[PDB]
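**Q** I'd like to ask some things about the structure below.
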Amino acid sequence: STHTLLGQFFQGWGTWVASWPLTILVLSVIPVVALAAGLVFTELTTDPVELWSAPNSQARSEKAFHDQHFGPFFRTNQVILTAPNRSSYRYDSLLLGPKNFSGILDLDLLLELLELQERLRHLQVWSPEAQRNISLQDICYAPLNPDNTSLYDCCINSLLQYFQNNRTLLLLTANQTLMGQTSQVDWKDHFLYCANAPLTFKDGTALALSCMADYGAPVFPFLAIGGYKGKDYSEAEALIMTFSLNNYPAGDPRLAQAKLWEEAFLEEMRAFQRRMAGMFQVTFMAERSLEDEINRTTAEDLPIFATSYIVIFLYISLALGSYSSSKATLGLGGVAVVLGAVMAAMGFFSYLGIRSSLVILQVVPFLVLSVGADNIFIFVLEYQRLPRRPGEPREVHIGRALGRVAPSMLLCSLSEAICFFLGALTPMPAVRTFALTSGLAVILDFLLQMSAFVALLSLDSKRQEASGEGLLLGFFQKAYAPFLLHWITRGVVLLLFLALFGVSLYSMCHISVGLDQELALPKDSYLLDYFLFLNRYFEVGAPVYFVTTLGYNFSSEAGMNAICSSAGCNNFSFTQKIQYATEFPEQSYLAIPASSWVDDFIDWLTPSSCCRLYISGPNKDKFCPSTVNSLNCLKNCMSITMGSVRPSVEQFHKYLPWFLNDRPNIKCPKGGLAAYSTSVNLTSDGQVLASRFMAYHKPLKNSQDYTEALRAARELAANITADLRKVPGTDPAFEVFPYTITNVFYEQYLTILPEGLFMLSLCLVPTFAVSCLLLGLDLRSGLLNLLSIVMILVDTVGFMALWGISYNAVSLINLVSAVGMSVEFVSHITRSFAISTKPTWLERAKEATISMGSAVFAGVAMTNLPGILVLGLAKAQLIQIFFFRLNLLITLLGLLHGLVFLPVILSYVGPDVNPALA
Ligand SMILES: *[C@@H]1O[C@H](CO)[C@@H](O[C@@H]2O[C@H](CO)[C@@H](O[C@@H]3O[C@H](CO)[C@@H](O)[C@H](O)[C@H]3NC(C)=O)[C@H](O)[C@H]2NC(C)=O)[C@H](O)[C@H]1NC(C)=O
Ligand SMILES: *[C@@H]1O[C@H](CO)[C@@H](O[C@@H]2O[C@H](CO)[C@@H](O[C@@H]3O[C@H](CO)[C@@H](O)[C@H](O)[C@H]3NC(C)=O)[C@H](O)[C@H]2NC(C)=O)[C@H](O)[C@H]1NC(C)=O
Ligand SMILES: CCCCCCCCCCCCO[C@@H]1O[C@H](CO)[C@@H](O[C@H]2O[C@H](CO)[C@@H](O)[C@H](O)[C@H]2O)[C@H](O)[C@H]1O
Ligand SMILES: *[C@@H]1O[C@H](CO)[C@@H](O[C@@H]2O[C@H](CO)[C@@H](O)[C@H](O)[C@H]2NC(C)=O)[C@H](O)[C@H]1NC(C)=O
Ligand SMILES: CC(C)CCC[C@@H](C)[C@H]1CC[C@H]2[C@@H]3CC=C4C[C@@H](O)CC[C@]4(C)[C@H]3CC[C@]12C
Ligand SMILES: CC(C)CCC[C@@H](C)[C@H]1CC[C@H]2[C@@H]3CC=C4C[C@@H](O)CC[C@]4(C)[C@H]3CC[C@]12C
Ligand SMILES: CC(C)CCC[C@@H](C)[C@H]1CC[C@H]2[C@@H]3CC=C4C[C@@H](O)CC[C@]4(C)[C@H]3CC[C@]12C
Ligand SMILES: CC(C)CCC[C@@H](C)[C@H]1CC[C@H]2[C@@H]3CC=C4C[C@@H](O)CC[C@]4(C)[C@H]3CC[C@]12C
Ligand SMILES: *[C@@H]1O[C@H](CO)[C@@H](O)[C@H](O)[C@H]1NC(C)=O
Ligand SMILES: *[C@@H]1O[C@H](CO)[C@@H](O)[C@H](O)[C@H]1NC(C)=O
Ligand SMILES: *[C@@H]1O[C@H](CO)[C@@H](O)[C@H](O)[C@H]1NC(C)=O
Ligand SMILES: *[C@@H]1O[C@H](CO)[C@@H](O)[C@H](O)[C@H]1NC(C)=O
Ligand SMILES: *[C@@H]1O[C@H](CO)[C@@H](O)[C@H](O)[C@H]1NC(C)=O
Ligand SMILES: *[C@@H]1O[C@H](CO)[C@@H](O)[C@H](O)[C@H]1NC(C)=O
Ligand SMILES: *[C@@H]1O[C@H](CO)[C@@H](O)[C@H](O)[C@H]1NC(C)=O
């Protein structure tokens with residue numbers, strides 16, 4: 001038979017290893033030390049948040065195209081101020097009637113915010129790598145002037161940009177006698193005017209102030225104030241101040257300069273928070289802030305987690321005693337064989353240049369320990385329970401006791417390694433390396449404890465020469481087994497577990513898919529207050545870019561008519577569809593309509609002294625800008641007296657680069673480089689390669705909102721690209737896709753549910769087939785522990801839905817490690833039933849419960865409890881939610897099915913009594 005060959009081979013190998021104890025022990029730990037010595041050579045940790053995105057997916061290929069053709073998305077540094085204990089007040093405007101003002105909108109707070117903003121603009125950091133102070137101008141994102149980049153050209157959005165950050169303009173006052181009403185027009189009137197019409201160059205009040213920021217572009221009200229509802233901007237309860245910086249690829253030396261400045265920004269806002277405790281209530285965030293708040297507690301929690309090894313050392317050599325009136329070296333050997341394998345499997349990957357993560361250094365050594373000492377108890381308890389035959393050496397006895405139990409050990413370890421390796425097909429790189437390291441650690445643990453631990457046990461066995469049945473074996477399990485096999489409980493348990501399975505089957509349909517970003521940070525984190533204020537007070541989400549890939553013409557009148565929204569444009573166009581989709585912002589997750597450069601280019605070509613050509617001179621026809629008050633510019637770019645003015649193909653190639661460099665002013669606010677300078681890529685001749693259109697999501701709170709917004713945006717872009725291909729001239733493969741800064745993270749949840757069912761169902765096939773081959777499990781009890789594993793998975797999914805654990809890529813690998821761990825709870829009990837010889841099924845189930853049930857409870861259920869309970873106090877919600885709540889719920893469910901349900905079900909439909917003398 002296939003079973004008896006393997007057991008007959010393991011009996012020879014163990015008795016050979018026990019005859020050379022010192023040689024096999026020293027010769028095995030040498031490769032373990034050689035593998036674990038690579039923890040210093042190329043041990044590198046991948047700190048960014050690109051450990052959470054598949055690099056060969058569609059969402060990362062769209063990011064590569066947008067980064068190639070337009071440059072990467074800018075970094076963000078935000079502060080959200082609130083005045084909690086300030087009362088609102090009434091104010092009567094000269095143009096808007098009575099209007100109530102919130103407590104935050106006051107001069108006494110706006111002046112303090114102006115002082116803080118002007119101090120942040122002059123910050124400087126001493127760069128160690130490049131010997132020079134880093135100023136804000138060198139790394140700020142300036143849309144209107146990227147070449148010179150003076151200190152006042154940086155993009156800084158706030159409410160004080162309406163007044164251009166001038167303290168004298170903020171305190172300005174005028175007396176307007178409108179309609180026979182002498183009313184003091186103040187800054188609040190100008191703020192009310194700029195909130196309704198942000199693209200204003202002269203205010204429509206008595207004080208004729210401007211309305212646009214000092215860097216040139218107009219600022220919209222949803223980037224300055226927040227917390228309103230509708231269009232009453234005077235009731236705003238929050239103030240926003242955003243600093244945006246240039247983003248570079250990771251190899252660039254400017255990235256270290258840009259991240260160096262944000263540390264000084266965070267220190268300055270911490271000083272502002274401490275200095276203004278009784279006036280404001282600030283919450284802040286830098287672009288580097290989420291990257292270092294995630295892996296901040298990796299080196300802080302390891303010494304707390306290292307006491308699990310001491311507890312598992314103390315648990316062995318107290319439950320393995322022969323206490324009459326201690327096996328302390330066996331516990332040290334069990335700890336060293338588990339500790340050696342983890343360091344060897346972790347350091348082998350460092351040689352190959354595979355970068356580790358935070359989860360590898362936090363759950364790997366305390367999850368391998370929970371399934372690494374599992375075979376040690378099953379070997380040592382079988383060594384002491386098998387009595388020595390008369391006149392035989394200790395080596396043959398150790399070989400016989402090893403050969404009787406080791407195929408179940410090989411089956412459990414190989415099922416563990418198969419489930420970890422098969423579960424490493426997830427696209428996310430943080431979970432792939434964790435599964436690969438856990439699989440290699442489990443395989444090295446199985447090799448180490450079958451070659452070195454047997455030699456250590458043979459060495460310890462000799463020692464007892466120089467220097468009752470216990471209590472757990474017979475004094476409890478011979479007074480619990482009649483309880484469980486009483487004929488009233490034997491029917492009650494059989495329907496109670498069935499009702500539990502049915503209730504979990506109903507309750508697993510209320511599960512939620514997706515991992516919130518609030519559940520990744522430590523509990524005493526400052527970013528949680530920022531995420532609370534962001535979800536409560538903002539009125540728009542992240543920006544959306546509807547990128548158009550190369551292939552569209554853009555130069556024909558048939559091409560422009562499918563994009564524009566003005567007069568003489570086709571119905572259901574690009575901008576028309578994006579305009580329509582924001583009228584129902586619950587189906588489509590858009591809040592602001594798309595701003596199209598083609599419409600502003602068509603409006604800019606209308607002859608209103610905004611595009612003019614020289615009549616004659618030294619410069620005949622090159623360009624007359626808007627800032628020229630001369631008599632030689634009486635010639636429009638386009639002609640006059642047509643409806644739906646569309647430029648020719650020659651005129652489109654000529655007038656377009658002048659439009660994308662024109663700076664808006666009082667005599668020409670029609671458009672230019674304030675918004676569309678970086679939204680269009682031009683070729684060498686002047687042909688448009690690719691463009692992009694800007695729109696804003698609605699506020700996305702949870703992680704399902706991000707997935708629904710991404711799916712709705714991709715569906716709307718699919719409708720737009722379907723309609724755009726019918727225009728004559730555009731070639732196939734032209735597509736319009738929506739690009740957002742957070743689509744790489746949340747694109748996995750579109751199709752993680754079919755991926756989870758396939759990968760989980762693919763692990764049951766090499767758990768039942770291999771169990772029927774390495775063991776004597778033929779067919780009746782072969783598909784019974786599979787039923788136990790399916791019940792364990794369904795009950796775990798139901799309780800995971802009930803507790804409030806979302807189903808994501810982190811929890812999916814824990815379920816795959818549970819299907820490889822539940823074989824350990826049921827294969828030992830089922831195999832002991834199969835080799836039983838008793839008259840009736842009830843006594844066979846009683847013998848199976850007494851013999852291996854006590855060993856399974858004392859070495860498989862109490863061995864992983866120190867390794868799992870230590871993670872419950874872990875400082876990070878991801879480790880404390882997915883690797884503690886899930887694993888604790890699997891060990892209790894796995895113990896409760898493999899020790900109360902499997903013996904009861906085996907006394908009804910168990911396999912027949914084979915003689916089995918071979
Ligand atoms: C409009 O699109 C153009 C075409 O993509 C952009 O020009 C591209 O800029 C890329 C970055 O400079 C180039 O990639 C580089 O290619 C060289 C040569 O192979 C490599 O050594 C570099 O490593 C590689 N850059 C990286 C970091 O991958 C493209 O080759 C280049 N393509 C063309 C046609 O010139 C324009 O940048 C874009 N317009 C603007 C101003 O953004
Ligand atoms: C975007 O659409 C434009 C309008 O459909 C295209 O412009 C057309 O390009 C044609 C060449 O491919 C021009 O044909 C030439 O015109 C001259 C002068 O009238 C004639 O001799 C011929 O018809 C032809 N050249 C030859 C063979 O001598 C069209 O005149 C021109 N149409 C317009 C309105 O100007 C663009 O080509 C298209 N852009 C792209 C991406 O190709
Ligand atoms: C293995 C576990 C570790 C991996 C888990 C990773 C969790 C998910 C990581 C999300 C990372 C990106 O996180 C996202 O960053 C952007 C940076 O623009 C923030 O967005 C910020 O900038 C945009 C645009 O400038 C503003 O509109 C926004 O209000 C502001 O918060 C998002 O609010 C944040 O959600
Ligand atoms: C802030 O605004 C004030 C007032 O507009 C600016 O001061 C003016 O400067 C011009 C140019 O020299 C003078 O002609 C005006 O008479 C000044 N007005 C007053 C009342 O002082 C001031 O320059 C602005 N500050 C900045 C930094 O732009
Ligand atoms: C053929 C002659 C030389 C007899 C001696 C052969 C012995 C010394 C060789 C043959 C197979 C070898 C074993 C093969 C596998 C392992 C697992 C590894 O993780 C530790 C070393 C260990 C345990 C080797 C020890 C040395 C070994 C036992
Ligand atoms: C009982 C537990 C801690 C056993 C695990 C020990 C090893 C595998 C763990 C514990 C502490 C960890 C180290 C903590 C800090 C660093 C510094 C970093 O720049 C490189 C990785 C490195 C060197 C880690 C490597 C892995 C590590 C050495
Ligand atoms: C980094 C990327 C781009 C390269 C490919 C990495 C992944 C997909 C590759 C590299 C090594 C591969 C693994 C190599 C070994 C095994 C064990 C086998 O029993 C199942 C497949 C499995 C688990 C492979 C899965 C796919 C795998 C993990
Ligand atoms: C079935 C086995 C594992 C027995 C243990 C089940 C226990 C640990 C599980 C099952 C149901 C769970 C509870 C379900 C509901 C809540 C409400 C929540 O706001 C706090 C946690 C709490 C109170 C859970 C605590 C843990 C819990 C009690
Ligand atoms: C402003 O708020 C107060 C709160 O009571 C409300 O009574 C008042 O009517 C509001 N002002 C206007 C113009 O409605
Ligand atoms: C700027 O750099 C110079 C030379 O390194 C240094 O003396 C000066 O102190 C730096 N500026 C600040 C703000 O310290
Ligand atoms: C930008 O501006 C400064 C000051 O006008 C000028 O001297 C410098 O040459 C310019 N540099 C670039 C790269 O545009
Ligand atoms: C008009 O307003 C000014 C400044 O606000 C004030 O000083 C002056 O008294 C007012 N003039 C009249 C005629 O009331
Ligand atoms: C606002 O005032 C209340 C009442 O005095 C006080 O309890 C609270 O701490 C104050 N908050 C801040 C941020 O000053
Ligand atoms: C939609 O198209 C039709 C036919 O091209 C046109 O008559 C109508 O004016 C367009 N838009 C509407 C419905 O106003
Ligand atoms: C595109 O597909 C259908 C057909 O035009 C349309 O009903 C649907 O509303 C469009 N998609 C979106 C996101 O509106």
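Residue numbering restarts at 1 for every chain of the structure tokens, chains are lettered A, B, ... in their displayed order, and ligands are numbered from 1 as they appear.
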Mind checking which residues fall within 8 Å of residue 124 of chain A, counting only C-alpha atoms, ignoring those fewer than 4 positions away in the same chain, and posting them as JSON, numbers by chain?
**A** {"A": [133, 134, 135, 136, 261, 264]}
**Q** For the contact check between segment 231-282 of chain A and segment 125-130 of chain A, emit one row per residue of segment 231-282 of chain A within 12 Å, containing the shortest atom pair and the distance in Å rounded to one decimal, counting only C-alpha atoms, chain then rising number order, as a Markdown table.
**A**
| residue | atom | partner | partner_atom | distance |
| --- | --- | --- | --- | --- |
| A:253 | CA | A:129 | CA | 9.0 |
| A:254 | CA | A:130 | CA | 10.0 |
| A:255 | CA | A:127 | CA | 11.8 |
| A:256 | CA | A:127 | CA | 8.8 |
| A:257 | CA | A:127 | CA | 6.9 |
| A:258 | CA | A:125 | CA | 10.0 |
| A:259 | CA | A:125 | CA | 10.5 |
| A:260 | CA | A:125 | CA | 7.1 |
| A:261 | CA | A:125 | CA | 6.0 |
| A:262 | CA | A:125 | CA | 9.4 |
| A:263 | CA | A:125 | CA | 9.0 |
| A:264 | CA | A:125 | CA | 6.9 |
| A:265 | CA | A:125 | CA | 9.7 |
| A:267 | CA | A:125 | CA | 11.5 |
| A:268 | CA | A:125 | CA | 11.8 |
**Q** Output N, CA and C atoms for every residue in the selection just made, as a compact mmCIF listing (two decimals), in the first residue's frame.
**A**
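Output below, filename result39.txt:
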# COMPACT_ATOMS: atom_id res chain seq x y z
N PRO A 253 16.62 62.73 -7.23
CA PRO A 253 17.09 63.36 -5.98
C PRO A 253 16.20 64.49 -5.50
N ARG A 254 15.28 64.99 -6.32
CA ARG A 254 14.36 66.03 -5.86
C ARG A 254 13.27 65.47 -4.95
N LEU A 255 13.03 64.16 -4.99
CA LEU A 255 12.03 63.56 -4.11
C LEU A 255 12.47 63.61 -2.66
N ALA A 256 13.76 63.43 -2.40
CA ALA A 256 14.27 63.55 -1.04
C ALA A 256 14.21 64.99 -0.55
N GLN A 257 14.39 65.95 -1.46
CA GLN A 257 14.23 67.35 -1.11
C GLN A 257 12.78 67.67 -0.78
N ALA A 258 11.84 67.12 -1.56
CA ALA A 258 10.43 67.41 -1.35
C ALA A 258 9.91 66.76 -0.08
N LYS A 259 10.36 65.54 0.23
CA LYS A 259 9.93 64.90 1.46
C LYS A 259 10.60 65.52 2.68
N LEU A 260 11.77 66.15 2.49
CA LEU A 260 12.44 66.79 3.61
C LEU A 260 11.70 68.04 4.06
N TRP A 261 11.08 68.76 3.12
CA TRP A 261 10.36 69.98 3.46
C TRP A 261 9.08 69.67 4.23
N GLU A 262 8.45 68.54 3.94
CA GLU A 262 7.16 68.23 4.55
C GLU A 262 7.31 67.85 6.02
N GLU A 263 8.49 67.36 6.42
CA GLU A 263 8.76 67.13 7.83
C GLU A 263 8.80 68.44 8.61
N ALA A 264 9.41 69.48 8.03
CA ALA A 264 9.41 70.79 8.66
C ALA A 264 8.02 71.41 8.67
N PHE A 265 7.23 71.11 7.63
CA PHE A 265 5.83 71.54 7.59
C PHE A 265 5.01 70.89 8.70
N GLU A 267 6.23 69.71 11.55
CA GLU A 267 6.70 70.27 12.82
C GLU A 267 6.13 71.66 13.08
N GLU A 268 6.02 72.48 12.03
CA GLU A 268 5.45 73.81 12.17
C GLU A 268 3.96 73.74 12.47
**Q** Could you pull out the residues sitting within 10 Å of ligand 9, using only C-alpha atoms and all ligand atoms, and write them as a PyMOL selection string?
**A** chain A and resi 88-92+96-102+234-235
**Q** Would you write out, as CSV, a table of all residues in chain A that have an atom no more than 9 Å from an atom of ligand 14, listing for each the closest atom pair and the distance in Å to one decimal, considering only C-alpha atoms and all ligand atoms and ordering rows by chain and rising residue number?
**A**
residue,atom,partner,partner_atom_place_in_ligand_line,distance
A:568,CA,ligand 14,9 (O),8.8
A:569,CA,ligand 14,10 (C),8.4
A:570,CA,ligand 14,2 (O),6.6
A:571,CA,ligand 14,1 (C),5.0
A:572,CA,ligand 14,1 (C),8.3
**Q** Got time to write the residues from that selection, N, CA, C and O atoms, as a compact mmCIF listing (two decimals), in the first residue's frame?
**A**
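Saved the output as part25.txt:
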# COMPACT_ATOMS: atom_id res chain seq x y z
N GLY A 568 -24.23 75.20 -31.66
CA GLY A 568 -23.81 74.45 -32.82
C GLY A 568 -22.98 73.22 -32.50
O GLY A 568 -22.09 72.87 -33.28
N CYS A 569 -23.26 72.57 -31.38
CA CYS A 569 -22.55 71.37 -30.97
C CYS A 569 -23.52 70.19 -30.96
O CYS A 569 -24.73 70.36 -30.79
N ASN A 570 -22.97 69.00 -31.16
CA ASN A 570 -23.79 67.79 -31.19
C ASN A 570 -24.33 67.48 -29.80
O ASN A 570 -23.67 67.70 -28.79
N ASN A 571 -25.56 66.96 -29.77
CA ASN A 571 -26.14 66.52 -28.51
C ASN A 571 -25.41 65.29 -28.00
O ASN A 571 -24.94 64.46 -28.78
N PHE A 572 -25.37 65.15 -26.67
CA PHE A 572 -24.80 63.99 -25.98
C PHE A 572 -23.31 63.85 -26.27
O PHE A 572 -22.80 62.77 -26.55
**Q** Using backbone DSSP assignments, extract all strand (DSSP E or B) residues from segment 86-230 of chain A; output them as number ranges by chain.
**A** A: 89-92, 98-101, 124-127, 132-135, 140, 156-157, 174-177, 182-185, 225-226
**Q** Using N, CA, C and O atoms, can you write the selected residues to a file as a CSV table (one decimal), in the first residue's frame?
**A**
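So the final result, stored in result.csv, reads:
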chain,number,residue,atom,x,y,z
A,89,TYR,N,-23.3,84.9,13.6
A,89,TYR,CA,-23.8,86.2,13.8
A,89,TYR,C,-24.5,86.7,12.5
A,89,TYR,O,-24.1,86.2,11.4
A,90,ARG,N,-25.5,87.5,12.6
A,90,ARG,CA,-26.2,88.1,11.5
A,90,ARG,C,-25.4,89.2,10.9
A,90,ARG,O,-24.7,90.0,11.6
A,91,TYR,N,-25.5,89.4,9.6
A,91,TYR,CA,-24.9,90.5,8.9
A,91,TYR,C,-25.8,90.8,7.6
A,91,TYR,O,-26.2,89.9,6.9
A,92,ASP,N,-26.0,92.1,7.4
A,92,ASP,CA,-26.8,92.6,6.3
A,92,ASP,C,-26.0,93.1,5.2
A,92,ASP,O,-25.3,94.2,5.4
A,98,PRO,N,-30.1,90.0,4.1
A,98,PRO,CA,-29.6,89.5,5.4
A,98,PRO,C,-29.0,88.1,5.2
A,98,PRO,O,-29.6,87.3,4.5
A,99,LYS,N,-27.9,87.9,5.8
A,99,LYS,CA,-27.2,86.6,5.7
A,99,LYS,C,-26.4,86.4,7.0
A,99,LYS,O,-25.7,87.2,7.4
A,100,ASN,N,-26.6,85.2,7.5
A,100,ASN,CA,-25.9,84.8,8.8
A,100,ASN,C,-24.5,84.3,8.5
A,100,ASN,O,-24.3,83.5,7.6
A,101,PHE,N,-23.6,84.6,9.4
A,101,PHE,CA,-22.2,84.3,9.2
A,101,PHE,C,-21.7,83.3,10.3
A,101,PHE,O,-22.1,83.5,11.4
A,124,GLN,N,12.3,76.9,5.4
A,124,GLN,CA,13.5,76.4,4.8
A,124,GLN,C,14.1,75.2,5.6
A,124,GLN,O,14.0,75.2,6.8
A,125,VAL,N,14.6,74.3,4.9
A,125,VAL,CA,15.2,73.1,5.5
A,125,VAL,C,16.6,72.8,4.9
A,125,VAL,O,16.8,73.0,3.7
A,126,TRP,N,17.5,72.4,5.8
A,126,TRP,CA,18.9,72.2,5.5
A,126,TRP,C,19.0,70.8,4.9
A,126,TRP,O,19.0,69.8,5.7
A,127,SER,N,19.3,70.7,3.6
A,127,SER,CA,19.4,69.4,3.0
A,127,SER,C,20.8,68.8,3.3
A,127,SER,O,21.8,69.4,3.0
A,132,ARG,N,22.6,72.7,0.7
A,132,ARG,CA,21.9,74.0,0.4
A,132,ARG,C,20.6,73.9,1.1
A,132,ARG,O,20.0,72.8,1.2
A,133,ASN,N,20.1,75.1,1.5
A,133,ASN,CA,18.8,75.1,2.1
A,133,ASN,C,17.7,74.9,1.0
A,133,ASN,O,17.8,75.5,-0.1
A,134,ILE,N,16.7,74.1,1.3
A,134,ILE,CA,15.6,73.9,0.4
A,134,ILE,C,14.5,74.8,0.7
A,134,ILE,O,13.9,74.8,1.8
A,135,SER,N,14.2,75.7,-0.2
A,135,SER,CA,13.1,76.7,-0.1
A,135,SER,C,11.8,76.1,-0.8
A,135,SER,O,11.8,75.1,-1.5
A,140,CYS,N,7.8,73.6,-5.2
A,140,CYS,CA,6.4,73.9,-5.3
A,140,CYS,C,5.9,73.7,-6.7
A,140,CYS,O,6.6,73.9,-7.7
A,156,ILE,N,-1.0,77.8,-3.6
A,156,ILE,CA,-1.4,77.7,-2.2
A,156,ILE,C,-2.9,78.2,-2.2
A,156,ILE,O,-3.2,79.3,-2.2
A,157,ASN,N,-3.8,77.2,-2.1
A,157,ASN,CA,-5.2,77.5,-2.1
A,157,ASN,C,-5.7,77.7,-0.6
A,157,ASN,O,-5.3,77.0,0.3
A,174,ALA,N,-15.1,100.4,2.3
A,174,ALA,CA,-15.6,101.4,1.4
A,174,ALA,C,-17.1,101.8,1.8
A,174,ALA,O,-17.8,101.0,2.4
A,175,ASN,N,-17.5,103.0,1.4
A,175,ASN,CA,-18.8,103.4,1.7
A,175,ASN,C,-19.6,103.5,0.3
A,175,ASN,O,-19.3,104.4,-0.5
A,176,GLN,N,-20.6,102.7,0.2
A,176,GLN,CA,-21.4,102.5,-1.1
A,176,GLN,C,-22.8,103.0,-0.8
A,176,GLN,O,-23.5,102.5,0.0
A,177,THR,N,-23.2,104.1,-1.5
A,177,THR,CA,-24.5,104.6,-1.4
A,177,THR,C,-25.4,104.1,-2.5
A,177,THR,O,-26.0,104.8,-3.3
A,182,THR,N,-26.5,104.1,2.4
A,182,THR,CA,-25.1,104.2,2.8
A,182,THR,C,-24.8,103.0,3.7
A,182,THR,O,-25.0,103.0,4.9
A,183,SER,N,-24.1,102.0,3.1
A,183,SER,CA,-23.8,100.8,3.8
A,183,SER,C,-22.3,100.5,3.6
A,183,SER,O,-21.7,100.6,2.5
A,184,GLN,N,-21.6,100.3,4.7
A,184,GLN,CA,-20.2,100.0,4.7
A,184,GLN,C,-19.9,98.6,4.1
A,184,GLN,O,-20.2,97.6,4.8
A,185,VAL,N,-19.5,98.6,2.9
A,185,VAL,CA,-19.1,97.4,2.3
A,185,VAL,C,-17.7,97.0,2.8
A,185,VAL,O,-16.8,97.8,2.8
A,225,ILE,N,-13.3,76.8,1.5
A,225,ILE,CA,-14.2,76.6,2.6
A,225,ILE,C,-14.8,75.2,2.5
A,225,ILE,O,-14.8,74.6,1.4
A,226,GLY,N,-15.3,74.7,3.6
A,226,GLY,CA,-16.0,73.4,3.6
A,226,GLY,C,-17.0,73.4,4.8
A,226,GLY,O,-17.0,74.2,5.7
**Q** Counting only C-alpha atoms and all ligand atoms, which protein, DNA or RNA residues come within 9 Å of ligand 5, given as a PyMOL selection string?
**A** chain A and resi 17+23-25+27-32+444+447-448+450-452
**Q** How would you write, as number ranges by chain, the set of residues no farther than 6 Å from ligand 6 when counting only C-alpha atoms and all ligand atoms?
**A** A: 43-44, 302, 306, 343
**Q** Using the selection just defined, write its residues with N, CA, C and O atoms as a compact mmCIF listing (two decimals), in the first residue's frame.
**A**
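And here's out.txt as it stands now:
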# COMPACT_ATOMS: atom_id res chain seq x y z
N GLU A 43 18.79 42.79 3.39
CA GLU A 43 17.53 42.88 4.11
C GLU A 43 17.02 44.31 4.00
O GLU A 43 17.46 45.20 4.72
N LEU A 44 16.08 44.53 3.08
CA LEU A 44 15.55 45.86 2.81
C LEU A 44 14.04 45.82 2.90
O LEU A 44 13.40 44.89 2.40
N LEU A 302 7.60 44.66 18.33
CA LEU A 302 8.32 43.38 18.31
C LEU A 302 8.77 42.89 19.69
O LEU A 302 8.63 41.68 19.95
N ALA A 306 7.63 39.38 21.44
CA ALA A 306 8.63 38.35 21.64
C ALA A 306 8.40 37.54 22.91
O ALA A 306 9.11 36.56 23.13
N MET A 343 13.78 32.32 10.78
CA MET A 343 14.90 33.17 10.38
C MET A 343 15.55 32.67 9.10
O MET A 343 16.00 33.47 8.28
**Q** Hey, which bits of chain A sit within 12 Å of ligand 11, and for each residue what's the closest pair of atoms and how far apart in Å (one decimal), counting only C-alpha atoms and all ligand atoms, rows by chain and increasing number, as CSV?
**A**
residue,atom,partner,partner_atom_place_in_ligand_line,distance
A:137,CA,ligand 11,1 (C),11.7
A:138,CA,ligand 11,13 (C),11.5
A:145,CA,ligand 11,14 (O),8.7
A:146,CA,ligand 11,14 (O),8.0
A:147,CA,ligand 11,14 (O),4.3
A:148,CA,ligand 11,1 (C),3.4
A:149,CA,ligand 11,1 (C),6.9
A:150,CA,ligand 11,2 (O),7.4
A:151,CA,ligand 11,2 (O),11.0
A:153,CA,ligand 11,2 (O),11.6
**Q** Set the cut-off to 6 Å, count only C-alpha atoms and all ligand atoms, and list whatever residues fall near ligand 13 as a list in words.
**A**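 With only C-alpha atoms and all ligand atoms and a cut-off of 6 Å, ligand 13 is contacted by residues 84, 85, 277, 278, 279, 280 and 281 of chain A.
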**Q** When you draw a straight line from atom CA of residue 723 of chain A to atom 7 (O, counted along the ligand's line) of ligand 2, how long is it in Å?
**A** 21.3 Å
**Q** So which one's closest to ligand 12, A:678, A:173, A:489, A:165? Using only C-alpha atoms and all ligand atoms, please.
**A**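 Among the listed residues, the smallest separation from ligand 12 belongs to A:173.
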**Q** Tell me which of A:670, A:58, A:51, A:453 sits closest to residue 433 of chain A, counting only C-alpha atoms.
**A** A:51
**Q** Which value, in Å to one decimal, gives the distance between atom CA of residue 518 of chain A and atom CA of residue 877 of chain A?
**A**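 We find that atom CA of residue 518 of chain A and atom CA of residue 877 of chain A lie 8.4 Å from each other.
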**Q** Name the residues in contact with residue 228 of chain A at a cut-off of 9 Å, using only C-alpha atoms, excluding same-chain residues fewer than 5 positions from it; report them as number ranges by chain.
**A** A: 233-238, 537-539
